[PDB]
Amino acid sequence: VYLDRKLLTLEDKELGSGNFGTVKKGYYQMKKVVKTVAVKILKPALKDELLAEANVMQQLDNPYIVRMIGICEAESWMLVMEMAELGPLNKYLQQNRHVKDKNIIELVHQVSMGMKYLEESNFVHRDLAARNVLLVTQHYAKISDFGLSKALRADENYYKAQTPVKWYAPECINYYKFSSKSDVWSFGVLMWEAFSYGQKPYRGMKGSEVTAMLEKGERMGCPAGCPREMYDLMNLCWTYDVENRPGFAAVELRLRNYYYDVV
């Protein structure tokens, strides 16, 4: 899926930048119409990571996951994606404290539907966080940022690293083991972030202090205004033992049931 640079136009002003490179809004000429795109532009291991990121996204086909248009190799390496105009969820909620609880339920349920599909496809995200959810509209979220994602081997249900702690399940920190269950743990933190309107989890604590807090059986408190059933779901996501923690099928159905009971 190597795109033609002649069919891509990048805007001058960037949408954002960080240690990953830059993100610009762009336009890609397709069959007949022109498609608005977001382009991750690299500013080496980062090339291979971007290609691995593109390989994951091309295997994924779901309304709640950012769709890749292709890779473009010209002047710099570029990952061209369908544009989610409103950008990252945590920034959006920081700037829009008026969003209602039923709206946040809608969004995090959409994230659980995308992750239910990711789990069925036997991919692990490994970076599930509110910053990696992007808003198409105020009522349409998509999971983004597959740069750490891994396709599980056909014979294993976890990825084993050889060598963002506040989002990581205890078995990740201790055993370097990443599964769909550890994504569920990260999903609990994402939920906490979303109902906290984009505030950071475990405020003012270092990683080792978070680890020690969880070891004692302590968990973050219920965000102000968060429906009790949603806080109960977070705590289930933060089940310490992998086997008793739910998978995304159970999480999505709990969210689906609660959302329609509100609706």
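From 1 onward, residues are counted along the sequence shown.
In all of the other compared structures of this protein with flanking residues present, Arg203 is modelled, so it falls below the one-third mark for missing coordinates. For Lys35, the record comparison shows coordinates present in all the other entries of this protein that model its neighbours, with no third of them leaving it out.
According to the entry, the deposited sequence places 4 to 9 unmodelled residues between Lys43 and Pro44. The entry shows a gap from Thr163 to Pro164, with 4 to 9 unmodelled residues of the deposited sequence in between. Checked against the record, the higher mean CA B factor of 141-149 and 164-172 lies with 164-172. Of the two segments examined, 34-42 and 215-223, it is 215-223 that shows the higher average Cα temperature factor in the deposited entry. Looking only at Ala84, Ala74, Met115, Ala129, the residue with the top Cα B factor in the deposited structure is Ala74. The PDB entry assigns its highest CA temperature factor, among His109, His98, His125, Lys181, to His98. In the PDB entry, a CA B factor belonging to the lowest third of its chain's modelled residues is recorded for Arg67. In the PDB entry, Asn157 places in the highest third of its chain by CA B-factor. Per the PDB record, residue ranking by Cα B-factor puts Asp232 in the middle third of the chain. Annotation for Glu53: C-alpha temperature factor in the lowest third relative to the rest of the modelled chain, per the entry. Remark: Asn90 belongs to the middle third of its chain, ranked by C-alpha B-factor as recorded.
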